[PDB]
Number of protein chains: 2
Amino acid sequence: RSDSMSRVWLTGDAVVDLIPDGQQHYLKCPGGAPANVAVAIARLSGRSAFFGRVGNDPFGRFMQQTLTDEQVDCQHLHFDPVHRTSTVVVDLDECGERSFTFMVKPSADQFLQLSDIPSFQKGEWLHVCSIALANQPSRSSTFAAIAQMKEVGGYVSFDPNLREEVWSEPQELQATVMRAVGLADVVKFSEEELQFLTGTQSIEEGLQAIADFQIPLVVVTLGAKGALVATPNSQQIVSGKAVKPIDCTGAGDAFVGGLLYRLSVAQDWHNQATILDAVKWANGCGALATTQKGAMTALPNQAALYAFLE
Amino acid sequence: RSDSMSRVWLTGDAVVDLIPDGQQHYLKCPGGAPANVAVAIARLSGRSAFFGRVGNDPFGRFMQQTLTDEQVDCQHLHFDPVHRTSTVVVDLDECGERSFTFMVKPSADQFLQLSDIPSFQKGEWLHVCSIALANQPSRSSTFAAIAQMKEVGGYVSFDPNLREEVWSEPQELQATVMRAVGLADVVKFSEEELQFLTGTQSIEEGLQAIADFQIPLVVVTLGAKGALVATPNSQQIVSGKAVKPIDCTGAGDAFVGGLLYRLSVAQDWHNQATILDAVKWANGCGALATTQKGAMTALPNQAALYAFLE
Ligand SMILES: Nc1ncnc2c1ncn2[C@@H]1O[C@H](COP(=O)(O)OP(=O)(O)O)[C@@H](O)[C@H]1O
Ligand SMILES: Nc1ncnc2c1ncn2[C@@H]1O[C@H](COP(=O)(O)OP(=O)(O)O)[C@@H](O)[C@H]1O
Ligand SMILES: OC[C@H]1O[C@](O)(CO)[C@@H](O)[C@@H]1O
Ligand SMILES: OC[C@H]1O[C@](O)(CO)[C@@H](O)[C@@H]1O
Ligand SMILES: [Ca+2]
Ligand SMILES: [Ca+2]
Ligand SMILES: [K+]
Ligand SMILES: [K+]
C-alpha cells in the first residue's frame with residue numbers, strides 16, 4: 001500500500017527564552033512548548049503545522065522565522081496588533097516550572113480567537129499545553145479547537161506543562177486542566193504534575209484517580225528512569241540511555257515531539273508495539289534535547305537519534 | 001557659609017534594556033530614563049533618590065540592586081505584587097525613540113499610586129519623563145507629585161523623552177505632555193521632540209510657541225552641536241567636544257544628569273553663569289555616556305568628566 005504521514009497541529013505559545021550565557025548576557029533562544037514540539041516533529045521529518053498568535057514585534061517575527069526555517073507550516077500563525085510576544089527568563093539552577101519567569105502577561109497567544117483555528121481533517125493530530133488554557137479568550141478558543149478536532153475524527157494530545165504564574169486566576173488551573181485531560185487521546189505528565197493535579201502522593205494513586213477518564217494513552221515521565229506507559233489495564237516502564245543534562249529546558253517537549261512524530265506516521269497508533277516504540281523515540285529525544293542550551297537547539301534529526309538509540 | 005547639596009527626586013520607569021552584543025546574545029543592561037538620571041547624579045557625587053514601582057520579579061530586584069549599588073536612595077522604590085518590570089529591546093541601528101521596543105505594557109511603573117509619593121521639602125528637585133504620564137494611575141499620580149513639589153517650594157524638571165508605543169491612547173500624548181511642560185521649571189527637549197510637540201518646523205518656531213509658558217529654563221539638545229539654552233528673552237548655543245558614539249543609549253539622560261547635578265549644588269540655580277556651566281557639564285556627560293554599551297555604563301564620575309572637559 002502507501003504510507004500515511006498525518007499532519008500534527010500545534011497551538012499555543014511561541015516564546016523567546018532568555019537563557020543566561022556568560023551572564024551579564026542572555027542567549028536569545030526560540031521556545032514555547034508547542035513551538036518546541038512542532039520543531040521536534042519537523043526535525044524528525046514529520047508534518048507539523050502551528051496555529052496561534054504572536055505579537056506584531058521583533059520577537060514574534062523571530063519566532064515566525066524560526067518555525068518557517070524549521071519547516072513548520074506557519075500559514076495559521078497570526079500577529080496580534082496590540083499584544084506582545086511572550087518573553088521568558090530562564091533560571092539555570094532550576095528545571096521545569098520553577099525555572100521560568102514570564103515577563104509578558106497576558107502575551108499575544110492568550111488572545112487566540114475562534115477565527116484563528118484552521119479547518120481540521122480526519123486522522124490529524126492536535127497537541128496543546130495548559131498555558132493555552134490559562135486565560136480568556138485563548139482558553140475558550142482552545143477548548144473549541146479540541147472539540148472540533150474530536151468531531152472530525154482527529155486525535156488530541158495534551159501535555160499540562162504547568163506554569164501557574166501565567167494564570168490570572170490560578171485557583172482555576174486544576175479544574176481547567178483536568179477538563180482538558182478528559183478530552184485527550186494522549187496525555188503526558190511529569191511525576192509531579194500527575195500527583196499535583198489529582199491530589200495524590202504516588203504515581204500509582206494518580207493513575208487510579210484518572211482511570212475513570214478512559215484515556216487511551218497516558219505517559220508519565222520519570223526523568224532519567226524513562227517513562228511509565230499507561231494504556232487500558234496495563235502499565236509498563238520504558239527506560240532509555242541516561243545522560244548528564246547541560247540544559248534541561250525543553251526536554252519534556254522533545255519527548256512529546258518524538259512520541260507524536262512516531263504516532264503520526266503509524267498505521268495504527270493504538271497498537272501497543274507502536275506505542276512502546278514511540279516512547280523509545282521520545283526518551284531518546286528528551287535526553288538529546290538537554291545537550292545544548294535552548295529548548296530547540298538539540299532537537300535531533302533521525303540520523304542523530306538512531307545513532308543515540310544505537 | 002556652608003554648601004547646600006539639594007536632594008533630587010527621580011520617579012518613573014526603571015527598566016532592563018536588552019542590548020544586542022554578539023547577538024544571538026543580549027547584554028542585560030540596567031536602564032529606564034529616570035533611573036539613568038538618578039545614577040548619573042549619584043556618580044557625580046550628588047544626592048539622588050528614586051520613588052516609583054518595579055515588578056516583584058528578578059528584573060525588578062536587579063534594578064533595586066543597581067540603584068542601591070550606585071548610591072541612589074531607594075527607600076521609596078516599591079515592588080508591585082502583580083505587574084512586571086519594564087523590559088526593553090534595543091535596536092543598535094537606531095537612536096532615541098526609534099531604537100526601543102517595549103515588551104511589557106503596562107509595566108509596574110504605570111501603576112504608581114498616590115501612596116508611593118514621598119514627603120517633599122523646600123528646595124528639592126523632582127525630575128520626570130513622559131512614560132510616567134502614559135497611562136493611569138501613574139499619570140494622575142505623577143501630576144499630583146508635581147503639584148506637591150511646586151506647593152512645598154521645590155523645583156520641577158521635565159524631559160518628555162517620548163516613547164509613543166507605551167501609551168494605550170497615543171492620541172493623548174501631545175496634550176498630556178504639554179500639560180507637564182506647563183508645570184516645569186526646567187524642560188529638556190531634543191530638536192525633534194520640541195518641533196513635534198509644538199507642531200512647528202524649526203527650533204526657533206518651537207521656542208516662540210512655548211514662550212507663553214514662561215518656563216525659567218528650556219534646553220534643546222542638538223546632538224554633536226551641543227545644546228541651545230533658552231532663558232527668558234535669551235538664547236545661546238553651548239557646544240562641547242564631539243565624540244563618535246559607540247552606543248547612543250542613555251546620552252540624553254546623562255545630559256540631564258549632569259545638568260541637574262550642577263543645578264542641585266548651586267547657591268542659585270537661576271544664575272545665568274550657573275546654568276551655562278551646568279550645560280557644559282551636561283554636554284560632557286552626554287558625550288561620555290555614548291562610549292560604552294548600556295545607558296548607565298559610561299556615566300562619568302567627576303574625575304573622568306573634568307579630564308574630558310580638559
Ligand atoms: N538525565 C536524563 N537522562 C536521560 N533522559 C532524560 C534525562 N532528563 C530528562 N530526560 C528525558 O527527557 C524526558 C523528560 O524528562 P523530565 O525530567 O521528566 O521532563 P518534564 O518534567 O518536563 O516532563 C524524560 O522522560 C526522559 O525521557
Ligand atoms: N556625537 C556626539 N558628540 C558629542 N556629544 C554628543 C553626541 N551625541 C550626543 N551627545 C551629547 O549628548 C546629548 C544628547 O544628545 P542627543 O542626540 O540630542 O540625545 P537626545 O535626543 O536623547 O536628547 C547632546 O546634547 C550632546 O550634549
Ligand atoms: O517546556 C518548555 C517551554 O515551556 C515554556 O516555559 C512556556 O511555553 C517555555 O519558556 C519553554 O520553552
Ligand atoms: O532614555 C533612555 C531610556 O529610555 C527608555 O527607553 C525608557 O525609559 C529606556 O529603555 C532607556 O534606558
Ligand atoms: Ca514539561
Ligand atoms: Ca531622550
Ligand atoms: K536544552
Ligand atoms: K551608552
# chains A, B, ... in the order shown; residues from 1 in each chain; ligands from 1

call {"tool": "residues_around", "arguments": {"residues": "segment 93-108 of chain B", "least_positions_apart": "4", "cutoff": "9 Å", "atoms": "only C-alpha atoms", "output": "PDB file with N, CA, C and O atoms, in the first residue's frame"}}
result
ATOM      1  N   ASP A  57       5.787  42.107  16.670  1.00  0.00           N
ATOM      2  CA  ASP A  57       7.010  42.696  17.208  1.00  0.00           C
ATOM      3  C   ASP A  57       8.220  41.869  16.759  1.00  0.00           C
ATOM      4  O   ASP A  57       8.046  40.795  16.179  1.00  0.00           O
ATOM      5  N   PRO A  58       9.446  42.376  16.990  1.00  0.00           N
ATOM      6  CA  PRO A  58      10.597  41.576  16.547  1.00  0.00           C
ATOM      7  C   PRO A  58      10.635  40.142  17.093  1.00  0.00           C
ATOM      8  O   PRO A  58      10.983  39.244  16.330  1.00  0.00           O
ATOM      9  N   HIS A  83      -0.943  43.031  21.401  1.00  0.00           N
ATOM     10  CA  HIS A  83      -0.263  42.361  22.498  1.00  0.00           C
ATOM     11  C   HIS A  83       1.086  41.792  22.082  1.00  0.00           C
ATOM     12  O   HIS A  83       1.316  41.444  20.917  1.00  0.00           O
ATOM     13  N   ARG A  84       1.989  41.717  23.049  1.00  0.00           N
ATOM     14  CA  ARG A  84       3.382  41.389  22.779  1.00  0.00           C
ATOM     15  C   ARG A  84       3.633  39.893  22.878  1.00  0.00           C
ATOM     16  O   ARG A  84       2.928  39.172  23.575  1.00  0.00           O
ATOM     17  N   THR A  85       4.661  39.443  22.168  1.00  0.00           N
ATOM     18  CA  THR A  85       5.104  38.053  22.200  1.00  0.00           C
ATOM     19  C   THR A  85       5.640  37.701  23.577  1.00  0.00           C
ATOM     20  O   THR A  85       6.332  38.499  24.210  1.00  0.00           O
ATOM     21  N   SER A  86       5.301  36.505  24.032  1.00  0.00           N
ATOM     22  CA  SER A  86       5.754  36.006  25.320  1.00  0.00           C
ATOM     23  C   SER A  86       7.270  36.034  25.428  1.00  0.00           C
ATOM     24  O   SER A  86       7.966  35.583  24.526  1.00  0.00           O
ATOM     25  N   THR A  87       7.762  36.564  26.542  1.00  0.00           N
ATOM     26  CA  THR A  87       9.189  36.645  26.816  1.00  0.00           C
ATOM     27  C   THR A  87       9.470  36.021  28.167  1.00  0.00           C
ATOM     28  O   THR A  87       8.906  36.439  29.177  1.00  0.00           O
ATOM     29  N   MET A 103       7.572  37.310  31.614  1.00  0.00           N
ATOM     30  CA  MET A 103       7.617  38.772  31.694  1.00  0.00           C
ATOM     31  C   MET A 103       6.436  39.441  31.004  1.00  0.00           C
ATOM     32  O   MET A 103       6.144  40.617  31.259  1.00  0.00           O
ATOM     33  N   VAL A 104       5.773  38.698  30.123  1.00  0.00           N
ATOM     34  CA  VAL A 104       4.663  39.253  29.362  1.00  0.00           C
ATOM     35  C   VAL A 104       3.387  38.492  29.702  1.00  0.00           C
ATOM     36  O   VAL A 104       3.215  37.331  29.324  1.00  0.00           O
ATOM     37  N   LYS A 105       2.513  39.164  30.444  1.00  0.00           N
ATOM     38  CA  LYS A 105       1.262  38.589  30.934  1.00  0.00           C
ATOM     39  C   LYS A 105       0.159  39.636  30.868  1.00  0.00           C
ATOM     40  O   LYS A 105       0.209  40.624  31.610  1.00  0.00           O
TER      41      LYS A 105
ATOM     42  N   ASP B  13      10.092  55.033  35.315  1.00  0.00           N
ATOM     43  CA  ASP B  13      10.365  53.651  34.948  1.00  0.00           C
ATOM     44  C   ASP B  13      11.827  53.279  35.069  1.00  0.00           C
ATOM     45  O   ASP B  13      12.688  53.855  34.428  1.00  0.00           O
ATOM     46  N   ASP B  17      17.197  46.986  29.853  1.00  0.00           N
ATOM     47  CA  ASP B  17      17.437  47.162  28.421  1.00  0.00           C
ATOM     48  C   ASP B  17      18.189  45.969  27.873  1.00  0.00           C
ATOM     49  O   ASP B  17      19.304  45.706  28.315  1.00  0.00           O
ATOM     50  N   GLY B  52       8.996  55.100  43.028  1.00  0.00           N
ATOM     51  CA  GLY B  52       8.243  54.514  41.941  1.00  0.00           C
ATOM     52  C   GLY B  52       8.018  53.044  42.195  1.00  0.00           C
ATOM     53  O   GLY B  52       8.173  52.567  43.321  1.00  0.00           O
ATOM     54  N   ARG B  53       7.669  52.337  41.129  1.00  0.00           N
ATOM     55  CA  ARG B  53       7.281  50.943  41.203  1.00  0.00           C
ATOM     56  C   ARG B  53       7.999  50.099  40.173  1.00  0.00           C
ATOM     57  O   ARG B  53       7.975  50.429  38.993  1.00  0.00           O
ATOM     58  N   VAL B  54       8.637  49.019  40.615  1.00  0.00           N
ATOM     59  CA  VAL B  54       9.063  47.972  39.691  1.00  0.00           C
ATOM     60  C   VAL B  54       8.281  46.709  40.000  1.00  0.00           C
ATOM     61  O   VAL B  54       7.448  46.698  40.904  1.00  0.00           O
ATOM     62  N   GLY B  55       8.525  45.661  39.228  1.00  0.00           N
ATOM     63  CA  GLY B  55       7.835  44.405  39.444  1.00  0.00           C
ATOM     64  C   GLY B  55       8.503  43.627  40.558  1.00  0.00           C
ATOM     65  O   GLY B  55       9.700  43.799  40.823  1.00  0.00           O
ATOM     66  N   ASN B  56       7.722  42.793  41.233  1.00  0.00           N
ATOM     67  CA  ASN B  56       8.257  41.845  42.201  1.00  0.00           C
ATOM     68  C   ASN B  56       8.847  40.634  41.479  1.00  0.00           C
ATOM     69  O   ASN B  56       8.333  39.525  41.590  1.00  0.00           O
ATOM     70  N   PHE B  79       7.729  47.451  45.109  1.00  0.00           N
ATOM     71  CA  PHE B  79       7.610  46.256  44.293  1.00  0.00           C
ATOM     72  C   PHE B  79       6.157  45.879  44.156  1.00  0.00           C
ATOM     73  O   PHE B  79       5.509  45.498  45.131  1.00  0.00           O
ATOM     74  N   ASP B  80       5.644  46.014  42.937  1.00  0.00           N
ATOM     75  CA  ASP B  80       4.254  45.706  42.662  1.00  0.00           C
ATOM     76  C   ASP B  80       4.042  44.204  42.747  1.00  0.00           C
ATOM     77  O   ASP B  80       4.840  43.433  42.220  1.00  0.00           O
ATOM     78  N   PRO B  81       2.956  43.787  43.414  1.00  0.00           N
ATOM     79  CA  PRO B  81       2.663  42.366  43.614  1.00  0.00           C
ATOM     80  C   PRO B  81       2.218  41.653  42.335  1.00  0.00           C
ATOM     81  O   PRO B  81       2.286  40.429  42.281  1.00  0.00           O
ATOM     82  N   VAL B  82       1.789  42.402  41.322  1.00  0.00           N
ATOM     83  CA  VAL B  82       1.158  41.800  40.143  1.00  0.00           C
ATOM     84  C   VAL B  82       1.880  42.078  38.823  1.00  0.00           C
ATOM     85  O   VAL B  82       2.072  41.182  37.997  1.00  0.00           O
ATOM     86  N   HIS B  83       2.284  43.322  38.616  1.00  0.00           N
ATOM     87  CA  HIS B  83       2.773  43.717  37.305  1.00  0.00           C
ATOM     88  C   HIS B  83       4.287  43.612  37.195  1.00  0.00           C
ATOM     89  O   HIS B  83       5.023  43.733  38.183  1.00  0.00           O
ATOM     90  N   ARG B  84       4.749  43.366  35.977  1.00  0.00           N
ATOM     91  CA  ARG B  84       6.148  43.037  35.735  1.00  0.00           C
ATOM     92  C   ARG B  84       6.970  44.281  35.439  1.00  0.00           C
ATOM     93  O   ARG B  84       6.458  45.288  34.966  1.00  0.00           O
ATOM     94  N   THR B  85       8.265  44.184  35.723  1.00  0.00           N
ATOM     95  CA  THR B  85       9.225  45.244  35.434  1.00  0.00           C
ATOM     96  C   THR B  85       9.361  45.438  33.934  1.00  0.00           C
ATOM     97  O   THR B  85       9.382  44.471  33.170  1.00  0.00           O
ATOM     98  N   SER B  86       9.442  46.695  33.525  1.00  0.00           N
ATOM     99  CA  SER B  86       9.602  47.049  32.125  1.00  0.00           C
ATOM    100  C   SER B  86      10.821  46.377  31.515  1.00  0.00           C
ATOM    101  O   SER B  86      11.902  46.410  32.092  1.00  0.00           O
ATOM    102  N   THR B  87      10.628  45.777  30.346  1.00  0.00           N
ATOM    103  CA  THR B  87      11.694  45.109  29.615  1.00  0.00           C
ATOM    104  C   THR B  87      11.744  45.655  28.203  1.00  0.00           C
ATOM    105  O   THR B  87      10.751  45.604  27.480  1.00  0.00           O
ATOM    106  N   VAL B  88      12.903  46.171  27.811  1.00  0.00           N
ATOM    107  CA  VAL B  88      13.033  46.879  26.541  1.00  0.00           C
ATOM    108  C   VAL B  88      14.107  46.265  25.660  1.00  0.00           C
ATOM    109  O   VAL B  88      15.206  46.012  26.135  1.00  0.00           O
ATOM    110  N   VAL B  89      13.789  46.013  24.390  1.00  0.00           N
ATOM    111  CA  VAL B  89      14.787  45.523  23.443  1.00  0.00           C
ATOM    112  C   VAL B  89      15.327  46.692  22.639  1.00  0.00           C
ATOM    113  O   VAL B  89      14.559  47.498  22.109  1.00  0.00           O
ATOM    114  N   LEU B 112       2.001  53.322  39.512  1.00  0.00           N
ATOM    115  CA  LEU B 112       2.352  54.271  40.561  1.00  0.00           C
ATOM    116  C   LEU B 112       1.111  54.842  41.240  1.00  0.00           C
ATOM    117  O   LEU B 112       0.183  55.316  40.570  1.00  0.00           O
ATOM    118  N   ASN B 135      -0.011  56.236  31.087  1.00  0.00           N
ATOM    119  CA  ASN B 135      -1.272  55.597  31.472  1.00  0.00           C
ATOM    120  C   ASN B 135      -1.634  55.853  32.920  1.00  0.00           C
ATOM    121  O   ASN B 135      -0.781  56.229  33.726  1.00  0.00           O
ATOM    122  N   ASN B 161      11.092  62.855  26.604  1.00  0.00           N
ATOM    123  CA  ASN B 161      11.644  61.528  26.358  1.00  0.00           C
ATOM    124  C   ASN B 161      10.586  60.619  25.741  1.00  0.00           C
ATOM    125  O   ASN B 161      10.255  59.557  26.282  1.00  0.00           O
ATOM    126  N   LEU B 162      10.029  61.061  24.622  1.00  0.00           N
ATOM    127  CA  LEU B 162       8.828  60.431  24.074  1.00  0.00           C
ATOM    128  C   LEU B 162       9.014  58.974  23.650  1.00  0.00           C
ATOM    129  O   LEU B 162       9.969  58.622  22.943  1.00  0.00           O
ATOM    130  N   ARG B 163       8.084  58.133  24.095  1.00  0.00           N
ATOM    131  CA  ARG B 163       8.020  56.740  23.666  1.00  0.00           C
ATOM    132  C   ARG B 163       6.556  56.400  23.422  1.00  0.00           C
ATOM    133  O   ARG B 163       5.873  55.896  24.307  1.00  0.00           O
ATOM    134  N   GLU B 164       6.082  56.697  22.219  1.00  0.00           N
ATOM    135  CA  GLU B 164       4.651  56.650  21.927  1.00  0.00           C
ATOM    136  C   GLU B 164       4.024  55.280  22.158  1.00  0.00           C
ATOM    137  O   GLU B 164       2.876  55.193  22.590  1.00  0.00           O
ATOM    138  N   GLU B 165       4.767  54.206  21.906  1.00  0.00           N
ATOM    139  CA  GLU B 165       4.143  52.884  21.958  1.00  0.00           C
ATOM    140  C   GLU B 165       3.713  52.492  23.374  1.00  0.00           C
ATOM    141  O   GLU B 165       2.960  51.542  23.559  1.00  0.00           O
ATOM    142  N   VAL B 166       4.213  53.223  24.366  1.00  0.00           N
ATOM    143  CA  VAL B 166       3.894  52.944  25.756  1.00  0.00           C
ATOM    144  C   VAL B 166       2.484  53.437  26.099  1.00  0.00           C
ATOM    145  O   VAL B 166       1.855  52.947  27.037  1.00  0.00           O
ATOM    146  N   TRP B 167       1.982  54.383  25.306  1.00  0.00           N
ATOM    147  CA  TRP B 167       0.655  54.959  25.539  1.00  0.00           C
ATOM    148  C   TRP B 167      -0.446  54.058  24.994  1.00  0.00           C
ATOM    149  O   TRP B 167      -0.450  53.740  23.807  1.00  0.00           O
ATOM    150  N   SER B 168      -1.376  53.639  25.849  1.00  0.00           N
ATOM    151  CA  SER B 168      -2.535  52.883  25.365  1.00  0.00           C
ATOM    152  C   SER B 168      -3.454  53.784  24.535  1.00  0.00           C
ATOM    153  O   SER B 168      -4.177  53.311  23.649  1.00  0.00           O
ATOM    154  N   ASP B 247      27.491  53.631  21.527  1.00  0.00           N
ATOM    155  CA  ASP B 247      26.098  53.303  21.847  1.00  0.00           C
ATOM    156  C   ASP B 247      25.353  54.531  22.358  1.00  0.00           C
ATOM    157  O   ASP B 247      25.564  54.954  23.482  1.00  0.00           O
ATOM    158  N   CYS B 248      24.462  55.093  21.541  1.00  0.00           N
ATOM    159  CA  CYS B 248      23.787  56.329  21.923  1.00  0.00           C
ATOM    160  C   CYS B 248      22.785  56.165  23.068  1.00  0.00           C
ATOM    161  O   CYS B 248      22.296  57.160  23.600  1.00  0.00           O
ATOM    162  N   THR B 249      22.471  54.923  23.434  1.00  0.00           N
ATOM    163  CA  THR B 249      21.511  54.657  24.507  1.00  0.00           C
ATOM    164  C   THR B 249      21.889  55.418  25.769  1.00  0.00           C
ATOM    165  O   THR B 249      23.006  55.280  26.264  1.00  0.00           O
ATOM    166  N   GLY B 250      20.961  56.228  26.275  1.00  0.00           N
ATOM    167  CA  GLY B 250      21.185  56.960  27.509  1.00  0.00           C
ATOM    168  C   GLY B 250      21.882  58.314  27.424  1.00  0.00           C
ATOM    169  O   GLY B 250      22.029  58.968  28.460  1.00  0.00           O
ATOM    170  N   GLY B 252      20.927  61.266  26.324  1.00  0.00           N
ATOM    171  CA  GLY B 252      20.083  62.360  26.765  1.00  0.00           C
ATOM    172  C   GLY B 252      19.875  62.381  28.268  1.00  0.00           C
ATOM    173  O   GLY B 252      19.777  63.450  28.870  1.00  0.00           O
TER     174      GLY B 252
END

call {"tool": "residues_near_ligand", "arguments": {"ligand": "ligand 6", "cutoff": "12 Å", "atoms": "only C-alpha atoms and all ligand atoms", "output": "ChimeraX atom specification"}}
result
/B:32-34,36-37,95-100,128-131,158-163,187-194,220-223,248-257,286,295

call {"tool": "interface_residues", "arguments": {"of": "chain B", "to": "chain A", "cutoff": "6 Å", "atoms": "only C-alpha atoms", "output": "PyMOL selection string"}}
result
chain B and resi 24-28+104

call {"tool": "closest_residue", "arguments": {"among": "B:217, B:30, B:199, B:9", "to": "ligand 8", "atoms": "only C-alpha atoms and all ligand atoms"}}
result
B:30

call {"tool": "closest_residue", "arguments": {"among": "B:236, B:92, B:208, B:109", "to": "ligand 8", "atoms": "only C-alpha atoms and all ligand atoms"}}
result
B:92

call {"tool": "residues_around", "arguments": {"residues": "residue 118 of chain A", "least_positions_apart": "2", "cutoff": "7 Å", "atoms": "only C-alpha atoms", "output": "list in words"}}
result
residues 76, 116 and 120 of chain A

call {"tool": "write_last_selection", "arguments": {"atoms": "N, CA and C atoms", "output": "CSV table (one decimal), in the first residue's frame"}}
result
chain,number,residue,atom,x,y,z
A,76,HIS,N,-1.0,29.6,9.5
A,76,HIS,CA,-2.0,30.0,10.5
A,76,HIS,C,-1.4,30.6,11.8
A,116,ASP,N,-8.9,32.0,14.5
A,116,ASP,CA,-7.5,31.6,14.3
A,116,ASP,C,-7.4,30.1,14.1
A,120,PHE,N,-9.8,21.4,10.3
A,120,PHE,CA,-9.2,20.1,10.6
A,120,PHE,C,-9.7,19.0,9.8

call {"tool": "residues_around", "arguments": {"residues": "residue 126 of chain A", "least_positions_apart": "6", "cutoff": "6 Å", "atoms": "only C-alpha atoms", "output": "short mmCIF file (atom, residue, chain, number, x, y, z; two decimals) with N, CA, C and O atoms, in the first residue's frame"}}
result
data_model
loop_
_atom_site.label_atom_id
_atom_site.label_comp_id
_atom_site.auth_asym_id
_atom_site.auth_seq_id
_atom_site.Cartn_x
_atom_site.Cartn_y
_atom_site.Cartn_z
N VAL A 8 0.33 16.94 12.19
CA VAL A 8 0.18 17.30 13.60
C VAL A 8 0.05 18.81 13.72
O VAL A 8 0.96 19.54 13.33
N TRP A 9 -1.09 19.27 14.21
CA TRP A 9 -1.30 20.68 14.54
C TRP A 9 -0.86 20.96 15.97
O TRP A 9 -1.20 20.21 16.90
N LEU A 10 -0.14 22.06 16.14
CA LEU A 10 0.31 22.56 17.44
C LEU A 10 -0.26 23.94 17.62
O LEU A 10 -0.28 24.74 16.68
N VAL A 156 -6.34 14.00 19.85
CA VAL A 156 -5.92 15.10 20.72
C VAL A 156 -4.84 14.68 21.71
O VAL A 156 -5.00 13.69 22.44
N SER A 157 -3.75 15.44 21.72
CA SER A 157 -2.65 15.24 22.65
C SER A 157 -2.60 16.43 23.61
O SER A 157 -2.71 17.57 23.18
#

call {"tool": "closest_residue", "arguments": {"among": "A:179, A:150, A:280, A:1", "to": "residue 125 of chain A", "atoms": "only C-alpha atoms"}}
result
A:150

call {"tool": "residues_around", "arguments": {"residues": "residue 269 of chain B", "least_positions_apart": "2", "cutoff": "12 Å", "atoms": "only C-alpha atoms", "output": "VMD selection string"}}
result
chain B and resid 4 to 6 123 to 125 155 185 to 186 216 to 217 259 to 267 271 to 279

call {"tool": "atom_distance", "arguments": {"atom1": "atom CA of residue 73 of chain A", "atom2": "atom CA of residue 31 of chain A"}}
result
16.2 Å

call {"tool": "select_by_dssp", "arguments": {"residues": "segment 36-209 of chain B", "states": "strand (DSSP E or B)", "output": "PyMOL selection string"}}
result
chain B and resi 48-55+73-80+86-90+100-102+125-129+155-159+186-190

call {"tool": "residues_around", "arguments": {"residues": "residue 140 of chain A", "least_positions_apart": "4", "cutoff": "9 Å", "atoms": "only C-alpha atoms", "output": "count of residues only"}}
result
8

call {"tool": "atom_distance", "arguments": {"atom1": "atom CA of residue 43 of chain A", "atom2": "atom CA of residue 301 of chain A"}}
result
5.0 Å

call {"tool": "atom_distance", "arguments": {"atom1": "atom CA of residue 148 of chain A", "atom2": "atom 8 (O, counted along the ligand's line) of ligand 3"}}
result
23.2 Å

call {"tool": "select_by_dssp", "arguments": {"residues": "segment 8-215 of chain A", "states": "helix (DSSP H, G or I)", "output": "ChimeraX atom specification"}}
result
/A:33-43,58-69,96-99,108-111,114-116,130-133,138-152,164-166,170-181,191-198,203-209,211-213

call {"tool": "closest_residue", "arguments": {"among": "A:304, A:230, A:74, A:296", "to": "ligand 3", "atoms": "only C-alpha atoms and all ligand atoms"}}
result
A:296

call {"tool": "residues_around", "arguments": {"residues": "residue 198 of chain A", "least_positions_apart": "3", "cutoff": "10 Å", "atoms": "only C-alpha atoms", "output": "JSON, numbers by chain"}}
result
{"A": [174, 175, 178, 193, 194, 195, 201, 202, 203, 205, 206, 207, 208, 209, 210]}

call {"tool": "decode", "arguments": {"residues": "segment 55-70 of chain A", "atoms": "C-alpha atoms", "output": "JSON list (two decimals), in the first residue's frame"}}
result
[["chain", "number", "residue", "atom", "x", "y", "z"],
["A", 55, "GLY", "CA", 2.95, 39.73, 18.84],
["A", 56, "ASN", "CA", 3.48, 42.06, 15.91],
["A", 57, "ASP", "CA", 7.01, 42.70, 17.21],
["A", 58, "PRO", "CA", 10.60, 41.58, 16.55],
["A", 59, "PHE", "CA", 10.27, 38.57, 18.92],
["A", 60, "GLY", "CA", 7.09, 37.50, 17.11],
["A", 61, "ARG", "CA", 8.77, 37.82, 13.75],
["A", 62, "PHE", "CA", 11.76, 35.91, 15.15],
["A", 63, "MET", "CA", 9.52, 33.00, 16.13],
["A", 64, "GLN", "CA", 7.75, 33.05, 12.75],
["A", 65, "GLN", "CA", 11.12, 32.97, 11.01],
["A", 66, "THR", "CA", 12.31, 30.17, 13.32],
["A", 67, "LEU", "CA", 9.29, 27.95, 12.74],
["A", 68, "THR", "CA", 9.47, 28.59, 9.00],
["A", 69, "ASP", "CA", 13.20, 27.77, 8.90],
["A", 70, "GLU", "CA", 12.42, 24.53, 10.70]]
